[PDB]
Peer 1: 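Mind looking over this structure? Questions follow.
As the structure lists them, so they are numbered: ligands from 1, and atoms in each ligand from 1. Chain naming here is simple, since letters A, B, ... match the order of the sequence lines and numbering starts at 1 in each. The figures that follow rest on heavy atoms only: side chains count, while hydrogens, waters and symmetry mates do not.
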Amino acid sequence: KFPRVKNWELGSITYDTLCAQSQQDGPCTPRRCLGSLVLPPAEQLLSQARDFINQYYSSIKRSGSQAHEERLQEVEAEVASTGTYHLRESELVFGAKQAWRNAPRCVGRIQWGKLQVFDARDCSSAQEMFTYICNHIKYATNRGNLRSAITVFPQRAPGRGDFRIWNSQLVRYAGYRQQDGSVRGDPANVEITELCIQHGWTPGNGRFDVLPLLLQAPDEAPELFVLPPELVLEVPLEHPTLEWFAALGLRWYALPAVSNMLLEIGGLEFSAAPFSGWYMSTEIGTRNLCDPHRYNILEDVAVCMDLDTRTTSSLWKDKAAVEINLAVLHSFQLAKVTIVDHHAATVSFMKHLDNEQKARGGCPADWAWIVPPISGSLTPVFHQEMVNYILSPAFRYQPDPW
Amino acid sequence: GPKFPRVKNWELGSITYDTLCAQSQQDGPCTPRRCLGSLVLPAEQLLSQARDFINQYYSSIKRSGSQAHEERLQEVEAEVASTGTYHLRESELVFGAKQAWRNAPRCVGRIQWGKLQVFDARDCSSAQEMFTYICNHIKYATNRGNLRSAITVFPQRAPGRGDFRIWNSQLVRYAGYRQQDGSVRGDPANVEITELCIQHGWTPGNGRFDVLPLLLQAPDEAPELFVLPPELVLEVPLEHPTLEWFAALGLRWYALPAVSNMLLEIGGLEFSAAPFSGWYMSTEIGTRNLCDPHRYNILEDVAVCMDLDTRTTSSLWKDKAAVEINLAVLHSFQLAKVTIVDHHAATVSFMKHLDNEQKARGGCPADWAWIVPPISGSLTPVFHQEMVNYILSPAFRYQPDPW
Ligand code: HEM
Ligand code: HEM
Ligand SMILES: NC(=[NH2+])NCCC[C@H](N)C(=O)O
Ligand SMILES: NC(=[NH2+])NCCC[C@H](N)C(=O)O
Ligand SMILES: [Zn+2]
């Protein structure tokens with residue numbers, strides 16, 4: 001019995017047979033569904049490694065050659081003697097792309113084949129991590145013509161502490177907790193802001209202060225590195241027809257570079273492996289600026305637009321959000337920085353699902369994350385049933401290192 | 001942590017554990033390997049469903065273990081013993097109906113669950129009589145615009161003997177006429193039932209908003225056709241509070257949403273005809289019904305009137321039009337004095353319901369994809385609330401179409 005998956009807008013049906021290859025577990029059982037939840041030996045490492053080596057040789061269509069068997073022997077010999085093994089650059093490149101491809105929450109996977117992979121496994125200090133991170137940013141930003149990248153730092157080792165980037169993204173704005181309860185800047189970054197200050201960073205007092213990085217080499221206290229302002233491209237927000245909107249002094253950074261997830265390839269774990277593509281506009285316009293526990297600017301905007309704030313039924317919240325998202329798109333386009341709107345992103349994801357159906361017999365997708373945060377049923381993904389499951393290589397959550 | 005699903009609200013940072021889900025009788029469609037949450041779709045067996053139900057009834061009047069409780073159990077097993085089935089006391093039926101609603105994971109209006117008028121119609125014995133009960137239900141629920149939640153219950157499934165069925169999916173629905181050019185006039189969701197009404201002798205209209213007749217089936221009989229008298233069907237013409245031309249589009253919606261094709265299951269007993277109605281939340285009309293591409297699909301038309309750039313996704317024309325359509329729905333209903341609730345007020349009230357149910361029952365089964373509204377999602381507090389979905393009984397369940 002395999003999942004029948006229906007698109008309700010077109011009446012079409014597919015069957016997901018790729019989920020059979022799931023060896024990892026989602027949070028659900030048959031007695032209760034936990035899907036909307038945001039967070040969750042050597043022959044076993046070996047069996048994940050053989051499997052991953054199998055994927056890789058199949059990918060280059062050498063699925064049986066001398067090379068294939070000799071490579072499995074290498075991996076077997078290395079695990080038998082040392083309890084672990086190492087990946088070849090080109091396996092690593094293939095694993096990273098496959099991790100992205102398999103990421104159920106990513107709407108931008110049409111892009112999965114085009115990922116610049118920086119091998120930083122020859123990295124031995126916080127200082128080197130920083131240099132690599134700077135290269136990553138410079139490459140990925142590309143004066144606003146954004147390019148997808150990942151930089152992979154040295155894998156976890158049974159002996160020692162992990163390499164980690166303590167920040168959750170490479171670029172984030174500071175959130176300064178007030179004694180009077182409230183937050184100046186981004187409330188989601190209060191804890192990382194506090195951490196930075198105590199490892200000796202001099203704070204600013206703005207709404208949009210770019211945080212320094214805390215980089216940790218194994219079993220060493222993390223170190224502080226301030227990003228060179230010229231590396232951090234930012235887009236001031238204005239609105240195409242509302243002149244007052246610019247007066248709000250809103251801005252956002254160009255580069256979304258997630259730096260806290262663990263990358264897992266054939267049983268090996270890469271605890272520092274920051275990755276970036278480009279923003280979908282609703283991430284900034286709806287979530288970051290309008291979430292009540294984020295910058296929460298909807299009321300400010302509604303009042304400027306002169307809307308009736310006293311009642312939910314004037315749909316003031318909805319009207320303001322739409323203008324905010326429009327401002328984000330307009331500003332990014334004016335500054336010539338890559339962005340995709342939620343309509344174009346979901347249309348391309350549909351094409352991706354279809355590609356994936358033909359190529360693998362299904363696609364892991366997390367509906368609550370693929371459907372955008374405004375205008376859901378106005379996008380084709382709303383009407384598309386979706387099956388969520390964990391394939392490996394995978395990006396996974398890991399504990400905060402402090 | 002305790003050994004139960006942990007549930008987080010990401011706006012407020014708060015945690016709860018669902019203990020209620022451990023009372024779940026029915027498997028959902030998920031396994032450890034794969035999540036199917038986004039998907040839209042006897043002897044001792046009866047006795048134990050019955051027993052469990054009667055226990056629920058006695059708890060809710062706080063007489064668990066009492067002699068009246070043990071006598072009812074005995075009465076129910078004896079009745080099953082001799083007939084294969086049993087019957088509910090009136091007050092059990094009322095409790096089971098409210099509890100089915102309360103249990104419904106997809107319903108965001110459940111803060112209202114305790115206030116349901118239960119019309120007992122288990123004496124009903126003909127299609128004509130279904131019609132009278134249905135008309136009575138509509139008059140009572142509609143209440144000239146001040147809507148009142150209600151359910152009418154017809155006789156339960158009975159061994160061998162045929163079912164009572166309402167063929168229509170709601171008591172009030174608009175016709176969908178399949179055109180020569182292959183397109184649809186009216187509501188494309190209603191094509192099959194439209195065509196069925198024609199097959200059974202209905203003389204079809206040709207409007208975009210033709211109210212369907214009812215096709216009602218008493219046991220072992222072909223369905224009979226009944227035309228609702230127009231004046232029982234309240235409708236709201238749509239206008240916009242500032243865009244004057246919107247009224248000129250001639251759009252309208254009916255006031256009463258009355259789902260009629262679901263099965264109400266109580267203590268193993270099956271009520272195959274049990275239509276229920278509340279009032280609308282505005283996004284069901286303004287977003288789904290009017291803007292779904294496979295429904296009325298009016299988004300482009302509205303956007304063109306609003307002079308928006310429809311050649312490019314990045315103008316947000318879809319988003320701007322959809323907002324105005326929802327504002328029109330809200331505004332028109334308020335002007336016509338017909339009950340309606342917006343998706344902000346609804347979700348707030350549903351957060352409050354979740355909190356009540358946390359204290360009362362230790363959880364609340366909720367289907368996130370259906371609870372979050374189809375526009376402005378993360379603008380509502382339910383978006384940031386994790387939810388656990390499972391089936392409790394009494395339940396409203398899907399059932400195959402009678403044909
Ligand atoms: C190319 C442009 C891309 C776009 C437009 C995009 C879009 C998105 C969006 C909207 C999300 C949901 C994230 C959130 O709401 O916080 C997401 C999640 C994610 N994407 Fe992408 N993505 C892109 C590229 C990438 C790349 C290059 C990778 C890695 C190689 C990646 C891996 C992920 C992962 C692992 C998640 C889940 C993050 C989490 O669980 O918090 N994506 N993507
Ligand atoms: C009192 C006002 C009510 C409101 C605002 C309301 C709101 C809603 C909404 C928005 C849905 C989603 C339906 C869809 O997207 O098609 C729904 C589903 C549902 N509601 Fe309500 N509801 C109300 C009253 C009722 C009543 C009185 C009952 C039954 C006694 C009920 C039982 C249901 C059930 C069973 C569903 C699921 C239907 C399905 O799965 O297709 N609700 N509710
Ligand atoms: N486009 C990506 N690679 N996104 C990953 C998540 C970024 C996150 N949504 C943010 O608002 O900053
Ligand atoms: N409020 C209710 N009882 N809703 C049941 C669903 C009605 C359906 N969404 C409609 O728009 O016609
Ligand atoms: Zn699930």
Peer 1: Among protein heavy atoms, which sits nearest to atom 7 (C) of ligand 4, and what does the distance come to when rounded to 0.1 Å?
Peer 2: B:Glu284 OE2, 2.9 Å
Peer 1: Test of understanding: given a 4.0 Å heavy-atom threshold, classify the contact between B:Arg110 and ligand 2 as side chain, backbone, both, or neither.
Peer 2: neither
Peer 1: Does the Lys NZ or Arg CZ of A:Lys6 fall within the cation-pi geometry relative to A:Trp8 - under 6.0 Å from the ring centre and within 45° of the axis?
Peer 2: yes
Peer 1: Side chain, backbone, both or neither: which applies to A:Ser276 and ligand 1 if a contact is any heavy-atom pair less than 4.0 Å apart?
Peer 2: backbone
Peer 1: Considering only heavy atoms of B:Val259, which atoms of ligand 4 have at least one such atom less than 4.0 Å away?
Peer 2: 5 (C)
Peer 1: Using a 4.0 Å cutoff against the non-hydrogen atoms of B:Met281, which atoms of ligand 2 qualify?
Peer 2: 10 (C)
Peer 1: Counting heavy atoms only, name the option from B:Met262, B:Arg288, B:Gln117, B:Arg148 that's nearest to atom 38 (C) of ligand 2.
Peer 2: B:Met262
Peer 1: Any heavy atom of B:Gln170 sitting closer than 4.0 Å to ligand 4?
Peer 2: yes
Peer 1: Without hydrogens or angle criteria, can the side chains of B:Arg173 and B:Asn168 be said to hold a donor-acceptor pair below 3.5 Å?
Peer 2: no
Peer 1: How does A:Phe275 reach ligand 1, if at all, at less than 4.0 Å between non-hydrogen atoms: by side chain, backbone, both, or neither?
Peer 2: side chain
Peer 1: What do you reckon, does B:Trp279 put a non-hydrogen atom under 4.0 Å from ligand 4?
Peer 2: yes
Peer 1: Quick one: does B:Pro275's side chain get under 4.5 Å of B:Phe154's, heavy atoms only?
Peer 2: yes
Peer 1: Write out the residue and atom name of the closest protein heavy atom to atom 7 (C) of ligand 2, then the distance separating them to 0.1 Å.
Peer 2: B:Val108 CG1, 3.6 Å
Peer 1: Within a strict 4.5 Å, meaning less than it, do heavy atoms of the A:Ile374 and B:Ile375 side chains meet?
Peer 2: no
Peer 1: Which atoms of ligand 1 sit under 4.0 Å from any heavy atom of A:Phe395?
Peer 2: 29 (C), 30 (C), 35 (C)
Peer 1: In ligand 2, which numbered atoms sit nearer than 4.0 Å to a non-hydrogen atom of B:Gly278?
Peer 2: 1 (C), 2 (C), 24 (C)
Peer 1: To check your reading of the model: name the closest protein heavy atom to atom 43 (N) of ligand 1, its residue, and the distance in Å.
Peer 2: A:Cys106 SG, 3.1 Å
Peer 1: Tell me: protein heavy atom nearest atom 11 (C) of ligand 1, and distance?
Peer 2: A:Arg105 O, 3.8 Å
Peer 1: Give a yes/no on ligand 4: does B:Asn289 have at least one heavy atom closer than 4.0 angstrom to it?
Peer 2: yes
Peer 1: Should we count NZ of B:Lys139 as having more than 12 external heavy atoms under 6.0 Å?
Peer 2: yes
Peer 1: Go through A:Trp100 and A:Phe395 one step at a time and tell me if the ring pair (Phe, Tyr, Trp, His ring centres under 6.0 Å) criterion holds.
Peer 2: CA-CA 7 Å; A:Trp100 181 15; A:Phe395 292 96; 8.6 Å; no
Peer 1: If you draw the axis of the six-membered ring of A:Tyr139, does the NZ or CZ of A:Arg147 fall within 45° of it and under 6.0 Å from the ring centre?
Peer 2: yes
Peer 1: Examine the side chains of B:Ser277 and B:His137 and answer whether a donor and an acceptor come within less than 3.5 Å of each other.
Peer 2: yes
Peer 1: Please tell me whether B:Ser393 and B:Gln26 have a donor and an acceptor in their side chains that are separated by less than 3.5 angstrom.
Peer 2: no
Peer 1: Considering only protein heavy atoms, which is closest to atom 4 (C) of ligand 1, and at what distance to one decimal place?
Peer 2: A:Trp278 O, 3.3 Å
Peer 1: Do A:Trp100 and ligand 1 have an N or O pair less than 3.5 Å apart?
Peer 2: yes
Peer 1: With a 3.5 Å distance limit and no angle check, can you tell me whether A:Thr338 reaches the backbone of A:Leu146 through a side-chain donor-acceptor pair?
Peer 2: yes
Peer 1: What class does the angle between the rings of A:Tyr279 and A:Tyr253 fall in, given that below 30° is parallel, 30 to 60° is tilted and above 60° is perpendicular?
Peer 2: tilted
Peer 1: For residues B:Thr287 and B:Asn326, is any side-chain donor paired with an opposing acceptor at under 3.5 Å?
Peer 2: yes
Peer 1: Going by heavy atoms, is B:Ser149 under 4.0 Å from ligand 2?
Peer 2: yes
Peer 1: In the protein, what heavy atom is nearest to atom 16 (O) of ligand 1, and what distance, to one decimal place, separates them?
Peer 2: A:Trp369 CZ3, 4.0 Å
Peer 1: Side chains of B:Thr313 and A:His342: is there a donor and an acceptor less than 3.5 Å apart?
Peer 2: no
Peer 1: Counting from 1, what ligand 4 atoms have a heavy atom of B:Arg173 closer than 4.0 Å?
Peer 2: 12 (O)
Peer 1: Looking at ligand 2, does any of its N/O atoms fall within less than 3.5 Å of an N/O of B:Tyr398?
Peer 2: yes
Peer 1: For ligand 4, is there an atom lying under 4.0 Å from some heavy atom of B:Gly109?
Peer 2: no
